[PDB]
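Next comes just one chain, in structure tokens: the form deposited in one PDB entry.
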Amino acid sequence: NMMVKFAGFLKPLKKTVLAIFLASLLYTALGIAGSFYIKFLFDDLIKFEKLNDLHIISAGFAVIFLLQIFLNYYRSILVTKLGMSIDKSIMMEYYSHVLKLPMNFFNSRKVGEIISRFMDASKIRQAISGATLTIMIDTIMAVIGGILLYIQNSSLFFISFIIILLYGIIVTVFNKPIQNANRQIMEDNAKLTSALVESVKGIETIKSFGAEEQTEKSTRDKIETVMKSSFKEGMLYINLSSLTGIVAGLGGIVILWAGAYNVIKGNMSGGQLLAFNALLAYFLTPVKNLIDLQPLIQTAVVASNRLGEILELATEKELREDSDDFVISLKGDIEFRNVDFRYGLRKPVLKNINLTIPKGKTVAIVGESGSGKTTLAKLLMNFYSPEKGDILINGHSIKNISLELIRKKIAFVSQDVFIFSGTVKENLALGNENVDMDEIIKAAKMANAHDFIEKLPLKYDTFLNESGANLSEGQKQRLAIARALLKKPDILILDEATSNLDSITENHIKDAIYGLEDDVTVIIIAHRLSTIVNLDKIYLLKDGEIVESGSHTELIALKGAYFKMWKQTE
């Protein structure tokens, strides 16, 4: 899974990989050659009292070490570049995938959890970094060191092998619980982050009710739990570090003891013993360094696994059934047939809805709060799929239509309006892009928005903050209408789009609505019944079920729920 993903990123880049591998051979060879300095020092130069040869040999070994450092520098640069490319690919893929998940995923999870999942990729960046990724390369290169040590002294070789076996045993034994603890601490920190975002969002309410002390007391338990998980995870490192330190240091003492015994037995002389001890830094220290990074590597593995959970979720388009290519325009009659829907496993929201919106007409959806009108709009726009029944457009199931066409021919003006940080030109031309300014200004004029935008500085270029508060509530709601009309939708849905506008702007928008292009279906969802008295048909929702349908004239003519609503409200 993730292993295949990493391999795929490495397929295009081979020259760097070949150079990285080949440069490591020179580095290890130079280090091995430079190890013998102490042997040459304690067998010939010191014993025979040679001075000039001492200087020459020292200069040569210093030169060798300089070349070794230069090779290490080159390899480090290449490794850093490779790791950066891989990290960029990983982050880009994760974001591109998370932006295409179904809506129920966003409903189920919280913002903080998704944020924490994303930014945990920084842990992966640390592991793939050049300084770390060098260490494993040395571990693969330790085979040459092992062969050389076996060639030097066979008896001493079966003393470092045992050390590596002990290292591996410790590594597995602490590999399991360390992974468990890192997963636990990541989950706990994700829980902490989510409650912090909620605290920031509702800062106004918290301040108004004086609940700062209560909120910080609530955050204690999450901070305390994070500290407990860290401390429990802390001792797993100390135990690992101490057990490794037992093997590493005591292994050196044992090796020195065995070498002294061999020298006393007249086997290899002291110089070869010192050479063996020094050369051991290219067979054990690379392994010892790698084991010391197991805490950091385990963190990256858990972070990647957590990212893997999201990437395994099927996208919105993947779930969709094969799309019929014979449909290009959503022109016709929108029909609901026994549609039932429930937000998860709770009580049903819509119960046996049967609708028939005539082609190129304006219809109305009215009802009390929480009666499923916005849910009907979302179902028509296919954010959620109906549990039972189907939605037909011109006699064709909405399931058998490409998702892009549905989301491009249908415009939504939600109950709220979301404004992205950028110029007003960018916000108006969201998604469409590459559109003539003549079209944008025409849409803004059509929505009675060209005036207030003209007064503010920079015209269609002023900067807007995240959910720009410098724009009034009515101003933002005018942008959404202009944005919807900008795409020339085939079906227009207005969800409380006339709630914060004066009579003049409402009349202007109505006049624009009655004459966009003709034969365009317009669905208006509103609570003020007075504004909706001049439409073709009106549907009344009563707790997820239509009760009476028709125009305004006959709906008041027959006495019922609509008549009571009209009389009470006016």
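In this text, residue numbers run from 1 along the sequence as written. Here the rigid core means the biggest group of C-alpha atoms that line up within 1.5 Å when the two forms are laid on top of each other.
The following text describes the form deposited in another entry, which does not appear among the structures shown.
Trainee: Core-aligned, between the shown form and the other one, one residue among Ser241, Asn338, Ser269, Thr423 moves its CA by 2 Å or more. Tell me which.
Mentor: Single hit from the list, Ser269.
Trainee: For a quick test of reading the superposition: does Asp138 move by 2 Å or more at the CA between the shown form and the other one, rigid core aligned?
Mentor: Yes; that C-alpha moves by at least 2 Å between the shown form and the other one.
Trainee: For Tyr95, decide whether the Cα shift between the shown form and the other one is 2 Å or greater, given a superposition on the rigid core.
Mentor: False for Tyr95: its C-alpha shift is below 2 Å.
Trainee: Just checking, between the shown form and the other one and with the core aligned, does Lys191 shift 2 Å or more at the CA?
Mentor: Yes, the C-alpha moves 2 Å or more.
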